[PDB]
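Enquirer: Got a structure for you, questions after.
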Number of protein chains: 4
Amino acid sequence: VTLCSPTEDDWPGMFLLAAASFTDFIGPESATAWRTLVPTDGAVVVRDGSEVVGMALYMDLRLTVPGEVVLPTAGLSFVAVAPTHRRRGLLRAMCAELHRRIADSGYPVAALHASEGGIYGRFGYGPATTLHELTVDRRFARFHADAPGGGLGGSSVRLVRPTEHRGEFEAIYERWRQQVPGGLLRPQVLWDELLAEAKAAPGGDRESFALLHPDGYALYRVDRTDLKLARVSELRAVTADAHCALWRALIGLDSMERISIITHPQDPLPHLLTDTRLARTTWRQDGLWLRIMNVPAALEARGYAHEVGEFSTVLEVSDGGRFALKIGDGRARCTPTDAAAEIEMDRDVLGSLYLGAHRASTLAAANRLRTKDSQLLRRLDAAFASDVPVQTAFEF
Amino acid sequence: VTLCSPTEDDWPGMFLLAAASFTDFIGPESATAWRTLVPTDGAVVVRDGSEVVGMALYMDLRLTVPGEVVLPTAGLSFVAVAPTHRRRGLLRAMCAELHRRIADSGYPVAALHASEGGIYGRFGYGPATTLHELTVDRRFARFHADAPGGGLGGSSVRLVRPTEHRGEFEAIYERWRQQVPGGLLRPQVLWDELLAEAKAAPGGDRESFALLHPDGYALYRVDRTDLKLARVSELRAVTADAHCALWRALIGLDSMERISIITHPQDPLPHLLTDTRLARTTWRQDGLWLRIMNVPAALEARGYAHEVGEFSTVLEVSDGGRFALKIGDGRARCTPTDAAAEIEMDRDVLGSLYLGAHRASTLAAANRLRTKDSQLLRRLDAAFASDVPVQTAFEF
Amino acid sequence: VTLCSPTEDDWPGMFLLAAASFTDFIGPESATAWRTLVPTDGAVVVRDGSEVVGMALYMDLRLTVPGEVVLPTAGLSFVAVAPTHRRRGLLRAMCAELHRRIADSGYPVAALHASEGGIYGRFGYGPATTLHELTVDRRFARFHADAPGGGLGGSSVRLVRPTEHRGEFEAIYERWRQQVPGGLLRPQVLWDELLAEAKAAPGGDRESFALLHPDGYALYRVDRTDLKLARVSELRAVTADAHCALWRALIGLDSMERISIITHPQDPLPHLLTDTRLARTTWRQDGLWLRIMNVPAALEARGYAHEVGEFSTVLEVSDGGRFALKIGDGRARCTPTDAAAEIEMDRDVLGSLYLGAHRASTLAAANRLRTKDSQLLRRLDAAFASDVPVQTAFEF
Amino acid sequence: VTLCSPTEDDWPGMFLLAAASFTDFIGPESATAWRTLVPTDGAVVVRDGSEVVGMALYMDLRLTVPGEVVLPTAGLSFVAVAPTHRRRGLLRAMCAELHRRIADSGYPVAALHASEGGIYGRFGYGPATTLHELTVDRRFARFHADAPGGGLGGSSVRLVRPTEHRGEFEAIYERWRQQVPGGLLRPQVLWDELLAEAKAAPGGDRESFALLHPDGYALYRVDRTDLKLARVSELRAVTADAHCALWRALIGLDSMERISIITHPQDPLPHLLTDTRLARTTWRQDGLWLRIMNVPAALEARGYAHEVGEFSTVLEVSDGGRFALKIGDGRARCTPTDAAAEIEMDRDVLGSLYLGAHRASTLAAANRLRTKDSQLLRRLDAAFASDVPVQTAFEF
Ligand SMILES: CC(C)(COP(=O)(O)OP(=O)(O)OC[C@H]1O[C@@H](n2cnc3c(N)ncnc32)[C@H](O)[C@@H]1OP(=O)(O)O)[C@@H](O)C(=O)NCCC(=O)NCCS
Ligand SMILES: CC(C)(COP(=O)(O)OP(=O)(O)OC[C@H]1O[C@@H](n2cnc3c(N)ncnc32)[C@H](O)[C@@H]1OP(=O)(O)O)[C@@H](O)C(=O)NCCC(=O)NCCS
Ligand SMILES: CC(C)(COP(=O)(O)OP(=O)(O)OC[C@H]1O[C@@H](n2cnc3c(N)ncnc32)[C@H](O)[C@@H]1OP(=O)(O)O)[C@@H](O)C(=O)NCCC(=O)NCCS
Ligand SMILES: CC(C)(COP(=O)(O)OP(=O)(O)OC[C@H]1O[C@@H](n2cnc3c(N)ncnc32)[C@H](O)[C@@H]1OP(=O)(O)O)[C@@H](O)C(=O)NCCC(=O)NCCS
Ligand SMILES: NC[C@H]1O[C@H](O[C@H]2[C@H](O)[C@@H](O[C@H]3O[C@H](CO)[C@@H](O)[C@H](N)[C@H]3O)[C@H](N)C[C@@H]2N)[C@H](N)C[C@@H]1O
Ligand SMILES: NC[C@H]1O[C@H](O[C@H]2[C@H](O)[C@@H](O[C@H]3O[C@H](CO)[C@@H](O)[C@H](N)[C@H]3O)[C@H](N)C[C@@H]2N)[C@H](N)C[C@@H]1O
């Protein structure tokens, strides 16, 4: 039982572990298209002797952080251990090895989508974003008088087939993912897989449809079993007008009873209607997890709030070291130090705070970050707060 | 069809309307005990001729706003129109007559709990707090190493009967309601009714039990049909230690599978556990609704964030007039004016912003509040943000 | 095992059988009030030897048949055989004995409400009325432009306590039950029990409410578990304006989501709304069962349609004999004969046709009534067709 | 916003609008086969400017009315508007244009199947047939002694594969559709679609089977998820003997617990069983909708009841003129007039009455048809009543 990099002979064996560990595994076909994003020396395997019984890999992704700064991010995926080799310490060996490779490759941050909220708590990964499923009873849904595009006249939204307007979607998404914190770059290979999942599979999902705006798009599909529910798989909108214009079209679906969308907590849809409660939050869960690899490099690259007063403090990470942090006028200075620490927090506590979805005061009451200065807490709350609402791009 | 104040002969007719309109009507018995909080001329009735076919009233309450300031608040309750006289315009007359009396009684703000999120949107009421039902699978629940009171020793929490410790609960709640925004003063009569609902009703609710801490308490009861669920009806905790100590006791219930609590979104519970995903938000809804009656009086009495630069702007309320606002050092200056306005919003929009549950940027994207200056928006978001997270006190 | 009339000592044993056989047994308390409607030698018991192990009785009722004629009707009720003595022939012995007593007392017709549609098919009882449960989604419900009382002004419907208006309910019901086919007389003892079932029972049903009109009333209650459903237990309307005005009030219950009512197939409610489909038929079942005791007495006393041409024919009942029937201008002559039979049907087939709920053409297609004259068949459909729609009064 | 006839270049765009608006859309393949029934200039489209956003068409169909007379009927189908162009008045323009085209082609009546019972209420369409689902628990279902084919002997029903016996099915249906009111002519192209849906689709419906009587056929299939329910999609029987013969076969399916069938209210199935209540009506809805295009041409071509006295009256339609009607001996005379009106009804009210599914007394109670003569009402009920029970043919 040892650890090494995989070969071409290992890939048929890696699909077998994937299909048995992941129920939503996209088959042996699509995993090759996802492989084009995995860099060389970006995957680890464990053999027994010998059959492959452990695997874990990261992808080269581009995550947008607050202040429209794009960071190279290691996207952890395909992390699976055979049921016959658990409790031994294969995950502990694989994840510790990959982080060593991620740190050598020069990645400031590492990210993943968790299957459970307890596996990746100690590994330094913290829930950085929040998924927020909204379900709208569209039969009662009526827009507020203040909602944009209230008058009569040719609406700027069109009902189009998703595969026939690909070039337009790639352009809109690119404009979205650069200005919205949490946005990820979608390469050519990922549009290939997303657009192939739009056509109706025999015995699977229904045919997807698209609503097209010059500054946004809605990618929806009717549920296979619930023929009265339209499930919006994707909603990208650049302008505030584009968001409202796409929803007037979505509630326009007179064939449907309900419209469901997995979105972000600060979605302005509830206020867009007369009855705010008609946009019910049916489901809430953490989305994208973050592990800050390079502490000073990640904190400096992020954009902060201009509203907060200029302050300086010494921050301590569990086993990441001790860092001096200077925040003022939107930008931050971060350099390694050894002066007396004011705030003490674990590696995963910084992960949650980074994108600004979780307040430090909330984590302080939970005693996840410790400080004797209560005024410093109020300043970290304001400084880490993102100007543009945090969103989850896509699952990987 | 005429509107007037109720006499002693009207109450028997009023209880008829109340029982036919509200399914959870406490009965003609308990409604008289709730009446002791309604001031003279604080109720209105509509008769047909003659039987009463429309009623509305408010209660004298004390709401705590950001900055530990306690405001006199009109608590709109018992608002019902007979099913034989709907679409006739009885509510429009009654609510207008009560607001008149509320303004003449010098109340800065009015408050209610909505049965539907669309009825009171036009009357100036906006969702001021947010409810957040957390269901924790306690079997999988394990506390984080950072959680307070992690070591062994005699726990300061006791399992006591709620009716036998009334003096302690009243003392703890009074401390809680004064320091937490959204907190309401609970008089002698409401404590009488709360403890009356603790005892198990024949064929109804089960017997309530209490967990008592020197600085907090937990009121819970087993669900009538779900024998494995413990429903925490009330959780009040003054100190950060008390919150954690009470939750160790609640997860200590080895008889139960799940512990459910209706709380606020900023609850530190999920971070207390090793698995944050175990504290599942099963239900989300608006709680307390607010209508600002006296605009300058309400805004000046409120405490604001220090972590924002001093600014001044002219705010306009759709039909409430025009006001100049100066925010600096956590306090605000507000007086009526007629100089050009920089921000335009409806009366209900201010209600949502007041306690600081909703951000101004979110309402701006929904075009509920309008401005040309985007810098002002960022400042309004930070200034209105509550330091101590907002909580819903009780339902009325 | 012997059959005889019951004494005073038998009653405590009868209530044991009733409680063990009927789930909705009103207890030993209320069954004594129902006993005041059972005439002397109108009840039979079967003892073992000695304990009572079989019971059956009939009540002196007054059924209104087409043409506003009221016939004294024996109402079979409390028919139960102990589980320890079934498949023995106790029911066949009891029912034959009661049919002897009914015919000796001189009742033209016999009536019951069946627990299964197969037990009383052989005994001569046929499904005489059809129950029709309509559940209306009142949130979507909007009245048609042609619906009576569709303007502004004081509505003539009141929301009242049912127990405080007994005098008016009895008066309206009496006017209703006399003009509507299938209507039964309700004695003082039954109004006693009806109003006693209106009050809220601890762990049972909720408090019942009433909507009163000069020419009609509606008794409704919110379901014990479904707090968004209001069940109309009773809707007596004399005039067409009363029916419409009560349904404006019923849909006026803004507290509820759905209004359910068990009524008749010829209810004008669906056409009273803009969308006829909003009044969905959620449940269909047979109501009152009818067995003609005296074939010539019943057919003569009934009222027939004036539209059909005058015809004379000979009909035969399987074991009831052969009768010549002369139908012309509302009234009919029925005298026993030995001439050639043109129509042949079982005793229960006449029972179904009598009130005019089931057409003869439907039974002829099923071969329940036989004839070689198809022109005679069309004349039977028109003649037995009730001018005023057939309704079920109350269950017994 | 322009309305015109569709070209060949419009069809790919029309399929997109069809698939998005209809969930049960038969795909771009099958819609071409249905288009062989759409006559030249029998379709309309609305373009934006240009993309097609509104569409509506009618099919050349042959409906059988009471009296075995077959009328050419325009079958409205594919009527849909884009979700981006609703509340604009596209349906009002399209339907009015088609009604203008239908009248020019010389059609007496127009027909459709509605998605909601409120959209086509004002356009002149009324519920003309009634759907009636019956779920029979075949485990308890035992046939009555009077039911045809009682004793032993070789049954004249066979279990056959539907695709191998196309010739007989077309022969039986043609006999059925000509003698039964509501019967539609099913051309060569529609039998292609019906038999193509018989084969088991991967992940969809299961293999369809057929029961063949020389005078009737039964098309059934086991439900996708409910492996104990046999869904009878089609039951056509010419003789009353065949109807009973097929049901002995259907209840013969010992693999099933329940047999469901969407039929008509006057189905003689319950009277075939010893327990009439085993044939439970689980579902009840309106079927075919009829708009009378030519008032005198349709009324004269219909067969009326012989069992009614001869009468003459003047009928009006709100905005469709005034007509003199004379009914006697089964046939009617109708010519446009301007003499004082006796009966006043909307255009859709006549549609409901025409096929004889809805009684005039019920519609007069709901004030949908007004007359001061109550005697005239009783005669309209008897005259319009169809001798042969009305049935829904197929869904279009
Ligand atoms: C695959 C995998 C992580 C388990 O491998 P494993 O061999 O049990 O992991 P290890 O033995 O190295 O465990 C190391 C630590 O992680 C924790 N851990 C591992 N799997 C866990 C799980 N499913 N839930 C909670 N904690 C887990 C253990 O508590 C352990 O702590 P310790 O060091 O104090 O003993 C595990 O998640 C699994 O089997 N899941 C199914 C496949 C899957 O869906 N993967 C997740 C993709 S995001
Ligand atoms: C009680 C009550 C307001 C009904 O009275 P009503 O006579 O319909 O009220 P009015 O006719 O004065 O309504 C005036 C306006 O309020 C709106 N409105 C009133 N009740 C409403 C409801 N239940 N939902 C949505 N909007 C409502 C109407 O749209 C109307 O607008 P308009 O002025 O443009 O016509 C109504 O809320 C009700 O019946 N609710 C059930 C009883 C209850 O539980 N009370 C509410 C507790 S929050
Ligand atoms: C009460 C009662 C009928 C049972 O008595 P029993 O001794 O089984 O009746 P018998 O043996 O005299 O049955 C005589 C005939 O009636 C029929 N019958 C009796 N009970 C029946 C039932 N529950 N369902 C269908 N048919 C029944 C039998 O087919 C039998 O026919 P047969 O003479 O060809 O054998 C029976 O219905 C029962 O026990 N029900 C529970 C109490 C109850 O609810 N009463 C009925 C209210 S309508
Ligand atoms: C197709 C269609 C009716 C939408 O068109 P539309 O542009 O909204 O119709 P219009 O704006 O011309 O509406 C005209 C009238 O019809 C009524 N109406 C339109 N759609 C309606 C619906 N879904 N339900 C009830 N009423 C409706 C409106 O009340 C309006 O009345 P008004 O003249 O008093 O304002 C609509 O049914 C739809 O979008 N559904 C999806 C496709 C479908 O299923 N069609 C029905 C096939 S049978
Ligand atoms: N317009 C504001 C409305 O507020 C209240 O409704 C509210 C009820 O009062 C609430 O009931 C609560 O308050 C009542 C007393 O009013 C208590 O008896 C009960 N235990 C408690 O749950 C219930 N939980 C929610 C409901 N919206 C008033 N009853 C009616 C009034 O019209
Ligand atoms: N063979 C005819 C049978 O009719 C009745 O059953 C019927 C019950 O009497 C009915 O109960 C009704 O009648 C009883 C009184 O009999 C009322 O107390 C009750 N509120 C009311 O619902 C109930 N709704 C239906 C049931 N089939 C008799 N109880 C028993 C008798 O054998």
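Ligands are numbered from 1 in the order shown, chains are lettered A, B, ... in the order of the structure tokens, and residues start at 1 in each chain.
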Identify, with DSSP run on backbone atoms, the residues in range 39-130 of chain D assigned to helix (DSSP H, G or I), and express the list as a list in words.
Expert: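 These are the residues in question: residues 90, 91, 92, 93, 94, 95, 96, 97, 98, 99, 100, 101, 102, 103 and 104 of chain D.
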Enquirer: May I have the residues from that selection written out with N, CA, C and O atoms, as a PDB file, in the first residue's frame?
Expert:
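Heads up, here's the output in again20.pdb:
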```
ATOM      1  N   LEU D  90     -51.913  38.545 -27.651  1.00  0.00           N
ATOM      2  CA  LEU D  90     -51.595  37.698 -28.802  1.00  0.00           C
ATOM      3  C   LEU D  90     -52.638  36.608 -29.042  1.00  0.00           C
ATOM      4  O   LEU D  90     -52.935  36.280 -30.190  1.00  0.00           O
ATOM      5  N   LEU D  91     -53.185  36.056 -27.960  1.00  0.00           N
ATOM      6  CA  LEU D  91     -54.227  35.032 -28.053  1.00  0.00           C
ATOM      7  C   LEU D  91     -55.539  35.612 -28.581  1.00  0.00           C
ATOM      8  O   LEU D  91     -56.214  34.987 -29.402  1.00  0.00           O
ATOM      9  N   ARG D  92     -55.888  36.806 -28.103  1.00  0.00           N
ATOM     10  CA  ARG D  92     -57.114  37.490 -28.513  1.00  0.00           C
ATOM     11  C   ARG D  92     -57.114  37.794 -30.013  1.00  0.00           C
ATOM     12  O   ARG D  92     -58.155  37.717 -30.666  1.00  0.00           O
ATOM     13  N   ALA D  93     -55.940  38.122 -30.549  1.00  0.00           N
ATOM     14  CA  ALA D  93     -55.784  38.400 -31.974  1.00  0.00           C
ATOM     15  C   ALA D  93     -55.786  37.124 -32.819  1.00  0.00           C
ATOM     16  O   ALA D  93     -56.398  37.089 -33.890  1.00  0.00           O
ATOM     17  N   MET D  94     -55.110  36.084 -32.331  1.00  0.00           N
ATOM     18  CA  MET D  94     -54.984  34.815 -33.056  1.00  0.00           C
ATOM     19  C   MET D  94     -56.298  34.044 -33.155  1.00  0.00           C
ATOM     20  O   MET D  94     -56.661  33.572 -34.234  1.00  0.00           O
ATOM     21  N   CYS D  95     -56.998  33.918 -32.030  1.00  0.00           N
ATOM     22  CA  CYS D  95     -58.269  33.192 -31.983  1.00  0.00           C
ATOM     23  C   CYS D  95     -59.357  33.871 -32.814  1.00  0.00           C
ATOM     24  O   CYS D  95     -60.121  33.196 -33.504  1.00  0.00           O
ATOM     25  N   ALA D  96     -59.407  35.202 -32.757  1.00  0.00           N
ATOM     26  CA  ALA D  96     -60.369  35.986 -33.539  1.00  0.00           C
ATOM     27  C   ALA D  96     -60.111  35.884 -35.043  1.00  0.00           C
ATOM     28  O   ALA D  96     -61.050  35.921 -35.843  1.00  0.00           O
ATOM     29  N   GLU D  97     -58.837  35.759 -35.416  1.00  0.00           N
ATOM     30  CA  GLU D  97     -58.442  35.573 -36.812  1.00  0.00           C
ATOM     31  C   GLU D  97     -58.845  34.188 -37.322  1.00  0.00           C
ATOM     32  O   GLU D  97     -59.337  34.056 -38.446  1.00  0.00           O
ATOM     33  N   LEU D  98     -58.637  33.166 -36.492  1.00  0.00           N
ATOM     34  CA  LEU D  98     -59.005  31.796 -36.848  1.00  0.00           C
ATOM     35  C   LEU D  98     -60.517  31.591 -36.898  1.00  0.00           C
ATOM     36  O   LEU D  98     -61.012  30.892 -37.782  1.00  0.00           O
ATOM     37  N   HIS D  99     -61.244  32.205 -35.962  1.00  0.00           N
ATOM     38  CA  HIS D  99     -62.712  32.177 -35.969  1.00  0.00           C
ATOM     39  C   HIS D  99     -63.258  32.780 -37.233  1.00  0.00           C
ATOM     40  O   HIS D  99     -64.293  32.347 -37.743  1.00  0.00           O
ATOM     41  N   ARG D 100     -62.556  33.791 -37.745  1.00  0.00           N
ATOM     42  CA  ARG D 100     -62.901  34.431 -39.009  1.00  0.00           C
ATOM     43  C   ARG D 100     -62.641  33.489 -40.189  1.00  0.00           C
ATOM     44  O   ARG D 100     -63.400  33.482 -41.158  1.00  0.00           O
ATOM     45  N   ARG D 101     -61.573  32.697 -40.093  1.00  0.00           N
ATOM     46  CA  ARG D 101     -61.215  31.725 -41.130  1.00  0.00           C
ATOM     47  C   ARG D 101     -62.117  30.490 -41.112  1.00  0.00           C
ATOM     48  O   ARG D 101     -62.431  29.928 -42.163  1.00  0.00           O
ATOM     49  N   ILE D 102     -62.518  30.075 -39.911  1.00  0.00           N
ATOM     50  CA  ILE D 102     -63.384  28.907 -39.711  1.00  0.00           C
ATOM     51  C   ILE D 102     -64.790  29.159 -40.267  1.00  0.00           C
ATOM     52  O   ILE D 102     -65.393  28.271 -40.874  1.00  0.00           O
ATOM     53  N   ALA D 103     -65.290  30.377 -40.065  1.00  0.00           N
ATOM     54  CA  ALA D 103     -66.598  30.789 -40.578  1.00  0.00           C
ATOM     55  C   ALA D 103     -66.621  30.877 -42.106  1.00  0.00           C
ATOM     56  O   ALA D 103     -67.650  30.616 -42.732  1.00  0.00           O
ATOM     57  N   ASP D 104     -65.482  31.245 -42.694  1.00  0.00           N
ATOM     58  CA  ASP D 104     -65.344  31.355 -44.147  1.00  0.00           C
ATOM     59  C   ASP D 104     -65.312  29.991 -44.834  1.00  0.00           C
ATOM     60  O   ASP D 104     -65.770  29.854 -45.969  1.00  0.00           O
TER      61      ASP D 104
END
```
Enquirer: As JSON, numbers by chain, could you give me every residue of chain B near chain A (at most 8 Å apart, counting only C-alpha atoms)?
Expert: {"B": [116, 117, 118, 119, 121, 146, 147, 148, 240, 244, 266, 267, 268, 269, 271, 272, 274, 275, 276, 277, 278, 280, 281, 282, 283, 284, 285, 286, 307, 308, 309, 362, 363, 365, 366, 367, 368, 378, 379, 382, 387]}
Enquirer: Excluding same-chain residues fewer than 5 positions from range 391-395 of chain B, what lies within 8 Å of it counting only C-alpha atoms, as an MDAnalysis selection string?
Expert: chainID B and resid 113 129:131 177 180:184 263:264 287:288
Enquirer: Export, as a PDB file, in the first residue's frame, the selected residues with N, CA, C and O atoms.
Expert:
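Listed below is the output, selection21.pdb:
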```pdb
ATOM      1  N   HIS B 113     -47.060  40.774  12.726  1.00  0.00           N
ATOM      2  CA  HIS B 113     -46.677  39.504  12.107  1.00  0.00           C
ATOM      3  C   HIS B 113     -47.676  39.142  11.044  1.00  0.00           C
ATOM      4  O   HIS B 113     -48.860  38.969  11.332  1.00  0.00           O
ATOM      5  N   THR B 129     -37.336  41.321  10.238  1.00  0.00           N
ATOM      6  CA  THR B 129     -36.509  40.206  10.713  1.00  0.00           C
ATOM      7  C   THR B 129     -36.688  38.986   9.814  1.00  0.00           C
ATOM      8  O   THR B 129     -37.563  38.970   8.944  1.00  0.00           O
ATOM      9  N   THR B 130     -35.857  37.968  10.028  1.00  0.00           N
ATOM     10  CA  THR B 130     -35.930  36.734   9.251  1.00  0.00           C
ATOM     11  C   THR B 130     -35.918  35.515  10.168  1.00  0.00           C
ATOM     12  O   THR B 130     -35.039  35.380  11.024  1.00  0.00           O
ATOM     13  N   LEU B 131     -36.904  34.638   9.985  1.00  0.00           N
ATOM     14  CA  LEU B 131     -36.975  33.376  10.721  1.00  0.00           C
ATOM     15  C   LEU B 131     -36.147  32.306  10.014  1.00  0.00           C
ATOM     16  O   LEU B 131     -35.947  32.364   8.799  1.00  0.00           O
ATOM     17  N   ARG B 177     -33.770  40.659  26.132  1.00  0.00           N
ATOM     18  CA  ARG B 177     -34.586  41.528  25.281  1.00  0.00           C
ATOM     19  C   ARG B 177     -34.085  42.971  25.210  1.00  0.00           C
ATOM     20  O   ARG B 177     -34.428  43.703  24.281  1.00  0.00           O
ATOM     21  N   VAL B 180     -30.529  42.668  22.765  1.00  0.00           N
ATOM     22  CA  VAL B 180     -30.688  42.114  21.420  1.00  0.00           C
ATOM     23  C   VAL B 180     -31.732  42.904  20.626  1.00  0.00           C
ATOM     24  O   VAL B 180     -32.863  43.075  21.092  1.00  0.00           O
ATOM     25  N   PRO B 181     -31.350  43.400  19.431  1.00  0.00           N
ATOM     26  CA  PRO B 181     -32.277  44.091  18.530  1.00  0.00           C
ATOM     27  C   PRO B 181     -33.419  43.179  18.085  1.00  0.00           C
ATOM     28  O   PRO B 181     -33.196  42.003  17.780  1.00  0.00           O
ATOM     29  N   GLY B 182     -34.630  43.727  18.055  1.00  0.00           N
ATOM     30  CA  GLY B 182     -35.829  42.954  17.750  1.00  0.00           C
ATOM     31  C   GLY B 182     -36.498  42.413  19.002  1.00  0.00           C
ATOM     32  O   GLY B 182     -37.598  41.860  18.934  1.00  0.00           O
ATOM     33  N   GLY B 183     -35.827  42.575  20.142  1.00  0.00           N
ATOM     34  CA  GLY B 183     -36.343  42.125  21.432  1.00  0.00           C
ATOM     35  C   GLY B 183     -37.519  42.956  21.907  1.00  0.00           C
ATOM     36  O   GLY B 183     -37.525  44.180  21.764  1.00  0.00           O
ATOM     37  N   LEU B 184     -38.512  42.281  22.476  1.00  0.00           N
ATOM     38  CA  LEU B 184     -39.726  42.933  22.955  1.00  0.00           C
ATOM     39  C   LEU B 184     -39.933  42.682  24.442  1.00  0.00           C
ATOM     40  O   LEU B 184     -39.628  41.597  24.944  1.00  0.00           O
ATOM     41  N   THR B 263     -35.045  29.988  14.674  1.00  0.00           N
ATOM     42  CA  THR B 263     -34.102  31.003  15.152  1.00  0.00           C
ATOM     43  C   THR B 263     -33.805  32.074  14.086  1.00  0.00           C
ATOM     44  O   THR B 263     -34.612  32.293  13.182  1.00  0.00           O
ATOM     45  N   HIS B 264     -32.664  32.749  14.218  1.00  0.00           N
ATOM     46  CA  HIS B 264     -32.230  33.777  13.271  1.00  0.00           C
ATOM     47  C   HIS B 264     -31.102  33.272  12.403  1.00  0.00           C
ATOM     48  O   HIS B 264     -30.411  32.325  12.786  1.00  0.00           O
ATOM     49  N   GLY B 287     -40.204  37.290   9.666  1.00  0.00           N
ATOM     50  CA  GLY B 287     -40.776  37.306  11.009  1.00  0.00           C
ATOM     51  C   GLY B 287     -41.540  38.580  11.305  1.00  0.00           C
ATOM     52  O   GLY B 287     -42.706  38.717  10.926  1.00  0.00           O
ATOM     53  N   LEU B 288     -40.872  39.511  11.981  1.00  0.00           N
ATOM     54  CA  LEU B 288     -41.469  40.784  12.372  1.00  0.00           C
ATOM     55  C   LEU B 288     -41.505  41.751  11.192  1.00  0.00           C
ATOM     56  O   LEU B 288     -40.542  41.850  10.430  1.00  0.00           O
TER      57      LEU B 288
END
```
Enquirer: Please compute the atom 28 (C, counted along the ligand's line) of ligand 2-CA of residue 55 in chain B distance, one decimal, in Å.
Expert: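 One can read the atom 28 (C, counted along the ligand's line) of ligand 2 to CA of residue 55 in chain B distance as 16.2 Å.
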Enquirer: Select, from B:48, B:43, B:141, B:316, the residue with the minimum atom-to-atom distance to ligand 1, counting only C-alpha atoms and all ligand atoms.
Expert: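 Of all the options, B:141 lies closest to ligand 1.
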Enquirer: Could you tell me how far CA of residue 247 in chain A lies from CA of residue 208 in chain A, in Å and to one decimal?
Expert: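 Distance reported for this atom pair: 16.7 Å.
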Enquirer: With only C-alpha atoms as the counted atoms, please give the residues lying no more than 10 Å from range 24-31 of chain D, apart from itself and same-chain residues fewer than 2 positions off, as number ranges by chain.
Expert: A: 227; D: 11-12, 14-16, 18-22, 33-36, 78, 189-190, 192-193
Enquirer: May I ask for the distance between CA of residue 159 in chain D and CA of residue 212 in chain D, given in Å to one decimal place?
Expert: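 Value for the CA of residue 159 in chain D-CA of residue 212 in chain D distance: 6.5 Å.
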Enquirer: Which polymer residues have any atom within 12 Å of an atom of residue 88 in chain C, counting only C-alpha atoms, with same-chain residues fewer than 4 positions away left out, as a list in words?
Expert: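 Counting only the stated atoms, we get residues 1, 46, 53, 54, 81, 82, 83, 84, 92, 93 and 94 of chain C.
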